[PDB]
Each structure stands twice: as structure tokens, then as C-alpha cells.
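Just so it is clear, none of the values below were taken in a lab; they were calculated from the coordinates. Because the Cβ atoms are built from the backbone with ideal geometry, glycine has one as well, and the counts that use them run over all protein chains shown.
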Amino acid sequence: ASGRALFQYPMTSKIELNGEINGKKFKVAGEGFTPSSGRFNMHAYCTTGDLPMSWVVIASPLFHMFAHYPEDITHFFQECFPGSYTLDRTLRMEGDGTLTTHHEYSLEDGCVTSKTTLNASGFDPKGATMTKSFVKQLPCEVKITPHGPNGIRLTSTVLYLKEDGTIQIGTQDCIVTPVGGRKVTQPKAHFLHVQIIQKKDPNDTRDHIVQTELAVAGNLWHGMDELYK
Ligand SMILES: [Cl-]
Ligand SMILES: [Cl-]
Ligand SMILES: [Cl-]
């Protein structure tokens, strides 16, 4: 049993995230539900107190294996199982700060566990990230290309909406690397449409978020694959 045969829905998720931003250390944990292909939620909470940064900015750090892929595009993230993959992220909030994340995953009993670290240095203490002035991030297209002999790369430019109704940009670059000591067939260049919706639980006493991601793969530009050898 490998690849897509390991991703029979419903499934669950867990996260453990150890973070630091501008010297403030924090932890998040969460549990989530993946009812069906491409629709996955996460109820995360800061176990150290208040989260010292925007929940909107930490949204993308909070599971590409749950994306919905048509049959005719390789689902690289799923085809890495068994063996798994790492994700390395750089998220540059333009004019504000840069953060990196490192993720490791394991699959057991229908549950994907993410162990993630986040490092963030030199953010503007009056920027939207540290003052928590963001309302949401807008849906984007993530460009996925083959990267080196065995990886992929994911790039996106994300619009973050502040409370005054104006936009800040984040520039996001990820490398996925199989860690299963085996070759995984690389997909053709393609795009992922991604939307995040965040809300609060009526009762939870913790600093928390209830997040849903919709993530759908598509060959949005048939000619793009020609450019990536
Ligand atoms: Cl927030
Ligand atoms: Cl990404
Ligand atoms: Cl493909």
C-alpha cells in the first residue's frame, strides 16, 4: 500500500510546532480532520500562553498531502508515502520580516502528524505580523515545479488583508524533499489553488484558531511544464 492508496478519507492530523519570533519562544499544538480529498481542517492552540504573532501569518505553517489531485497529475506529496518528506519554507512578509519553517511528517492509523519548527528574526515590532492586525489571507495559486533530481518547489505570492482593508504581500518559497531513500516520480509543472478560512471556537479558553484549507491541483497553464527540465 503506497501513494494515494494510503490516503483513504476520512483522516486526521496533529501538529506540534516550536517557534520563536524576535526572541519570543512559543509552542502550538493542534488536532484536525480531513473529511475528504482537498478539504482539511486544524484546530490549533498556543500551549505557552498567547501566540506572539498573527494567526493569519502562521496559517501556512499550520499539509499538502491532503490536497486534491486529478488522476492525470502525480500527487508527489502522497507518492512520498511510505517514507515521507520534509518541507522547508521561507515566507518573506515584504517590509516586515522573514520567517522559515521546517516540517517533518509521519503517517499512522489514518493520522498525519506534523512536527514543525518556526524561526523568525528581525520583524517590525509595529508591523501587522507582531501587532496582529491581519484579518485574513486571500486565496492564491501555488506554482509547483520539479526541483533537482528528486524534489519539487512550491512558490506563491500571498495577499494578507489588514484591518484597514489594505494589503501586505508575503513571498513564499518551499522545497519538498523525499526522505524515504527512494526516487519519487516528479510531477509535471502545475498549480495548486489554495484558500484558508479561519474562525474561533465559541468556548475554547486557549489562544487558538479553527482553520480550514481547500487545496485543489490543476494544470492551469499547459505550456508551463516545457520550461522546467
Ligand atoms: Cl491574530
Ligand atoms: Cl506552500
Ligand atoms: Cl504529472
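Dipole of segment 1-145 (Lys/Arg Cβ +1, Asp/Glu Cβ -1, origin at the Cα centre): which of 74, 106, 28 lies farthest to the positive side?
28
Evaluate the distance, in nm, between pseudo-label points positioned 7 Å from the Cα of residue 197 and of residue 163 along their respective Cα→Cβ axes.
Here the answer is 2.4 nm between the modelled labels.
Taking the Cα centre of the chain as origin, sum charge times position over the Cβ atoms of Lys and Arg (+1) and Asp and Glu (-1), and report the length of that vector in debye to the nearest 20.
180
Between residue 5 and residue 92, what FRET efficiency comes out of the Förster formula 1/(1 + (r/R0)^6) with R0 = 30 Å and r the beta carbon distance, rounded to 0.05?
FRET efficiency, residue 92 to residue 5: 0.20.
Hey, could you grab the Kirkwood Rh for the chain? Inverse mean 1/r over distinct alpha carbon pairs, Å, one decimal.
This gives a value of 18.0 Å.
Where nothing but the Cβ of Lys and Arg (+1) and of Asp and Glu (-1) is charged, how large is the charge dipole of segment 28-98 around its Cα centre, in debye to the nearest 20?
That gives a dipole near 100 debye.
If you wrap segment 46-112's Cα atoms in a convex hull and average its projection over all directions, what's the area in nm²?
6.6
Could you bin all the Cα-Cα distances of segment 1-101 into 5 Å bins starting at 0 and give me the percent of pairs in each, rounded to whole numbers?
2, 10, 19, 20, 18, 14, 10, 5, 1, 0
Given a Förster distance of 30 Å, report the FRET efficiency between residue 206 and residue 185 from their Cβ-Cβ distance, rounded to the nearest 0.05.
Efficiency for this residue pair is about 0.10.
Add -39500 (n - 2.57) for each DSSP H run of 4 or more in the chain, then divide by its residues: what number comes out at 222 nm, to the nearest 500 deg cm²/dmol?
That comes out to -500 deg cm²/dmol.
According to a simple spin-label model (label point 7 Å from Cα along Cα-to-Cβ), what is the distance in nm between residue 138 and residue 121?
It works out to 3.2 nm between the two label points.
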